[PDB]
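Participant: return a 3D structure for these sequence lines:
(2 chains, ligands or ions: 2)
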Amino acid sequence: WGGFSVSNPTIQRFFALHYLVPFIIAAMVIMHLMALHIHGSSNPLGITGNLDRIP
Amino acid sequence: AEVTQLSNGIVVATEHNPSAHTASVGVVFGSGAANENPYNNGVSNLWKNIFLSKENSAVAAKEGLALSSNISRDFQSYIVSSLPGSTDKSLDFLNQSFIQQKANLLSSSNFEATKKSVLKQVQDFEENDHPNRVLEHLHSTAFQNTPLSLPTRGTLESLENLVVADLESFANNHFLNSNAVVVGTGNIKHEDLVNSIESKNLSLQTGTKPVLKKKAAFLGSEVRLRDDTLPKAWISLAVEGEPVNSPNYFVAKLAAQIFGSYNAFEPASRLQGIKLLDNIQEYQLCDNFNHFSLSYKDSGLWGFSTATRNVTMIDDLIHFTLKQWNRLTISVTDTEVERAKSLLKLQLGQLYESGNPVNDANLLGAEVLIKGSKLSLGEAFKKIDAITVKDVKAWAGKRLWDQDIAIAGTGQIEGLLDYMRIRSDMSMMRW
Ligand code: HEM
Ligand SMILES: CCCCCCCCCCCCCCC(=O)OCCCOP(=O)(O)OC[C@@H](O)COP(=O)(O)OCCCOC(C)=O
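Facilitator: Numbering: from 1, shown residues only, chains lettered A, B, ... in the order given. Ligands and ions are numbered 1, 2, ... in the order given. The protein structure is shown below:
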């Protein structure tokens, strides 16, 4: 809170936290795509897809 | 040279050469694999091997005679060769094999041994000869459900169900005087051949062969025969091209000479003035390629064939080759057009002025059967020398720019991408 209740320090710091965290999400998305590239996506049959691939 | 045609009921063509030490005499028919149906596919290939069987060839070798034959899509041929002072015996042998007595050849023992010999040729062809069987599959998907799709040797499934009656039916309908040309090449005079035929009153059969319902139609398509046990990838690719008796016949032939043929292991073939070779040689994308322009009675094909061991860079080879084809519509230099004029004349001179009278008999008969006469080589050179840069761009913008394609492949072709990634490379559109 920055004090003894939800007050002016609370609202000024919540806005500055709020601008930052969207840019941390954008870096977790890059790490998320990197982990998908090494094995690729699955398919609704649940078997291997290396026999039939299209770009 | 100079040709001479006549018609005394029988069409006789001749091309004398006083420098030759041999003479060839034969008959060429105007029917081939494109005049068959899927049930009797291969019946023309059996007539070839019945003519070249051992008991027939033994009768020829006792008089000093050699036999040959050739089966193609639009015609068939049966040639006899001899010394120059023995051409009268050549005609008698041909008399007792087609005009008379082609029943001694179709005996039971001679037909079973011949059949077994042909089933073994077509089996070894489909398992060992990869460049030629991929080009056969190209004709089979590009012209599917039309007469121009059938293979010239036949298939193993249609050959097994052929009996003697299928051979006799095909002869009554196609081996006709209306569909035949008698040819002569080498050291043989034109008047000595016709007087020898008049002294015998020959007549094969009268005429009116069948009608042939459907025309040839090009369809954009692909066929893939994947085999991961083989060590290369063999690919062929083409568009629709020019038939014979087309005005753009020699312009299509000249545009194929611009890109030409390649062998990576010959040192002088790496130095040709072809801009495509600056892209291929950096990473060695292929072992060889060759560009073709094929022409038939009803349609044609224009494209290239390749073989490679770089099975991970196939998409870069197909891409770079199709970007050079685009330049024929946009940006093609006057230097590239003058190089291709000179080499095309050398290519046509070797084909038509070889030493073999047997090759000249096949070219003469096919041409006279399909346009009535034969064009001289001096007249063909003048047409080639009158082709401009504007003529190539007009031909390419009609036949190449944003047009459908036919594809065939075999071997390690996992890296060959889908149809539409390749279809899209036929138009630049960065333009
Ligand atoms: C900003 C949020 C996210 C983005 C931009 C994102 C992006 C992607 C993309 C582009 C793919 C590949 C295409 C697809 O499968 O639809 C994918 C796959 C996947 N995502 Fe996400 N994702 C996000 C959040 C999540 C969350 C919250 C989860 C799970 C808690 C998750 C789990 C997965 C999994 C398991 C796959 C693989 C599915 C498969 O291949 O069958 N992702 N993600
Ligand atoms: C201290 C350690 C690190 C130092 C330097 C590391 C450099 C990071 C990559 C260098 C290596 C590249 C070669 C391939 C490899 O092994 O690394 C994979 C690279 C990361 O791939 P990605 O960017 O997640 O692709 C993900 C793809 O979607 C392409 O990415 P895209 O969505 O275009 O991203 C832009 C969006 C936001 O990017 C910003 C703003 O940063």
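Participant: hang on, residue B:67 in a strand?
Facilitator: Yes. The assignment for residue B:67 by DSSP: H, G, I helix; E, B strand; the rest coil puts it in a strand.
Participant: the closest residue in space to residue B:188 that isn't next to it in sequence and residue B:77: what is the separation?
Facilitator: Leaving aside its sequence neighbours, residue B:188 sits nearest to residue B:23 (C-beta to C-beta, 6 or more residues apart in numbering or on different chains; 4.5 Å). Every C-beta, even on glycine, is put in place using the N, C-alpha and C of the backbone. For residue B:23, the distance to residue B:77 equals 16 Å [C-beta to C-beta, to the nearest Å].
Participant: equivalent analysis for residue B:3, please.
Facilitator: Distance from residue B:3 to residue B:77, counting by C-beta to C-beta: 17 Å.
Participant: if you count surrounding residues, which of these two has more?
Facilitator: Legend: neighbour count by other C-beta atoms under 10 Å in any protein chain shown for residue B:3 and residue B:77, higher for residue B:77 (22 against 17).
Participant: so which elements touch whichever strand or helix holds residue B:139?
Facilitator: Per DSSP states H and E, residue B:139 falls inside helix B:130-142. Under the contact criterion of 3 or more C-beta pairs under 8 Å, 6 or more residues apart in numbering or on different chains; DSSP states H and E, helix B:130-142 touches helix B:108-128, strand B:221-226, strand B:233-240, strand B:300-308, strand B:406-411.
Participant: CA atoms of the third one as CSV?
Facilitator: In CSV, the C-alpha atoms belonging to strand B:233-240 read as follows (Å, rounded to 0.1, in the frame of the first residue of the first chain):
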residue,chain,number,x,y,z
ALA,B,233,16.3,-37.7,-56.7
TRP,B,234,15.2,-37.7,-60.3
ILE,B,235,12.7,-34.9,-61.3
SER,B,236,11.1,-33.7,-64.6
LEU,B,237,9.0,-30.6,-65.1
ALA,B,238,7.2,-29.1,-68.1
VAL,B,239,4.6,-26.8,-69.6
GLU,B,240,2.5,-27.2,-72.7
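Participant: after that strand, which helix or strand is next?
Facilitator: Sequence-wise, the next helix or strand downstream of strand B:233-240 (DSSP H and E) is helix B:249-256.
Participant: what residue in chain B comes nearest to chain A?
Facilitator: residue B:418 (5.9 Å; C-beta to the nearest C-beta).
Participant: and the residue in the stretch 101-250 of chain B positioned nearest to ligand 2, how many neighbours?
Facilitator: Closest residue of the stretch 101-250 of chain B to ligand 2, C-beta to the nearest ligand atom: residue B:233 (28.0 Å). Using other C-beta under 10 Å, residue B:233 has 26 other residues around it.
Participant: any idea how far ligand 1 is from it?
Facilitator: Noted for residue B:233: a distance of 31 Å to ligand 1, by C-beta to the nearest ligand atom, to the nearest Å.
Participant: burial count for the closest residue to that residue other than its chain neighbours?
Facilitator: Excluding its sequence neighbours, the residue lying closest to residue B:233 (C-beta to C-beta, 6+ apart) is residue B:411, at 4.4 Å. The burial count assigned to residue B:411 is 23, neighbours taken as other C-beta under 10 Å.
Participant: in the sheet, who's paired with residue B:411?
Facilitator: Beta-bridge partners for residue B:411, by DSSP bridges, are residue B:226, residue B:233.
Participant: which residues touch it?
Facilitator: The contact partners of residue B:411, taken as C-beta atoms under 8 Å, 6 or more residues apart in numbering or on different chains, are B:130, B:226-227, B:230-234.
Participant: just the buried residues out of the residues you listed, in PyMOL syntax.
Facilitator: What follows is the PyMOL syntax selecting those of the contacts of residue B:411 that are buried according to 16 or more other C-beta atoms under 10 Å in any protein chain shown:
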select buried, chain B and resi 130+232+233+234
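Participant: what's the farthest-apart pair in the contacts of residue B:411?
Facilitator: Within the contacts of residue B:411, B:226 and B:231 form the most distant pair, 13.8 Å apart (C-beta to C-beta).
Participant: where do the contact lists of those two overlap?
Facilitator: Listed as contacting both residue B:226 and residue B:231 by C-beta under 8 Å, 6+ apart are B:411-412.
Participant: quick one on the thing from earlier: could you check the angle the helix holding residue B:139 makes with helix B:108-128?
Facilitator: 100 degrees (axes from the mean of the first three to the mean of the last three C-alpha atoms, to 10 degrees).
Participant: what does helix B:130-142 contact?
Facilitator: Helix B:130-142 has contacts (C-beta under 8 Å, 6+ apart) with B:125-126, B:148-152, B:218-219, B:221-223, B:225, B:230, B:232, B:234-236, B:238, B:240, B:301, B:305, B:307, B:406-411.
Participant: list the buried residues for it?
Facilitator: Of the residues in helix B:130-142, B:130-131, B:133-142 count as buried by neighbour count, 16+ other C-beta under 10 Å.
Participant: then that helix to CSV, C-alphas only?
Facilitator: Output of helix B:130-142 as CSV, limited to C-alpha atoms (Å, rounded to 0.1, in the frame of the first residue of the first chain):
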residue,chain,number,x,y,z
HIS,B,130,15.1,-44.0,-63.5
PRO,B,131,15.6,-41.0,-65.8
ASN,B,132,13.6,-42.5,-68.6
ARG,B,133,10.7,-43.9,-66.5
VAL,B,134,10.2,-40.5,-64.8
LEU,B,135,9.8,-38.8,-68.2
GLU,B,136,7.3,-41.5,-69.2
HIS,B,137,5.3,-40.7,-66.0
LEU,B,138,5.3,-37.0,-67.0
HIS,B,139,3.5,-37.8,-70.3
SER,B,140,1.1,-40.0,-68.3
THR,B,141,-0.1,-37.3,-65.9
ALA,B,142,0.1,-34.3,-68.3
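Participant: what angle do it and strand B:300-308 make?
Facilitator: Inter-element angle recorded for helix B:130-142 and strand B:300-308: 140 degrees (by the same axes, to 10 degrees).
Participant: could you identify the helix or strand that succeeds helix B:130-142?
Facilitator: Moving toward the C-terminus from helix B:130-142, the next helix or strand (DSSP H and E) is helix B:156-159.
Participant: so the residue of the stretch 101-250 of chain B closest to ligand 2 makes contact with residue B:313?
Facilitator: No. In this structure residue B:233 lies outside contact range of residue B:313 using C-beta atoms under 8 Å: 10.6 Å.
Participant: related to what we said a few turns ago, okay, the helices and strands packed on helix B:130-142 in CSV with distance to residue B:198 next?
Facilitator: As requested, these are exported to CSV (distance: least, C-beta to C-beta, whole Å):
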stretch, distance to residue B:198
helix B:108-128, 33
strand B:221-226, 52
strand B:233-240, 45
strand B:300-308, 39
strand B:406-411, 49
